[PDB]
């Protein structure tokens, strides 16, 4: 009830439909509004926690998608 589902830092609200911190929120929005042609250097399961979230934007974006994050979630909730 308190921590980000993407990196396990302290959540700051339900953003794009999921509990996340502010840094995961803006990271997702940026990935979604632009390009997200990232490449993993490991095996697409990089551990995304508070520090290492910087290491692999590929895995970080994957873990946002897998958690259900989507921009329209707030509008959709109102329906």
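If you superpose the two forms and keep the largest set of C-alpha atoms that fall within 1.5 Å, you have the rigid core. Positions refer to the first chain, counted from 1.
- Displacement analysis by core superposition in 6 other deposited structures of this protein ranks 34-42 above the other of 34-42 and 49-57 in root-mean-square C-alpha distance from the shown form.
- After a core fit, the C-alpha atoms in 6 other deposited structures of this protein lie farther on average from the shown form in one of 8-16 and 66-74, namely 66-74.
- Remark: stretch with higher mean C-alpha B factor among 1-9 and 70-78 is 70-78.
- Per the deposited coordinates, the residue with the largest Cα temperature factor out of 32, 51, 47, 41 is 51.
- The entry lists a Cα temperature factor for residue 20 that places it in the highest third of the chain's modelled residues.
- Residue-level temperature factors show residue 14 in the highest third of its chain, judged at the C-alpha atom.
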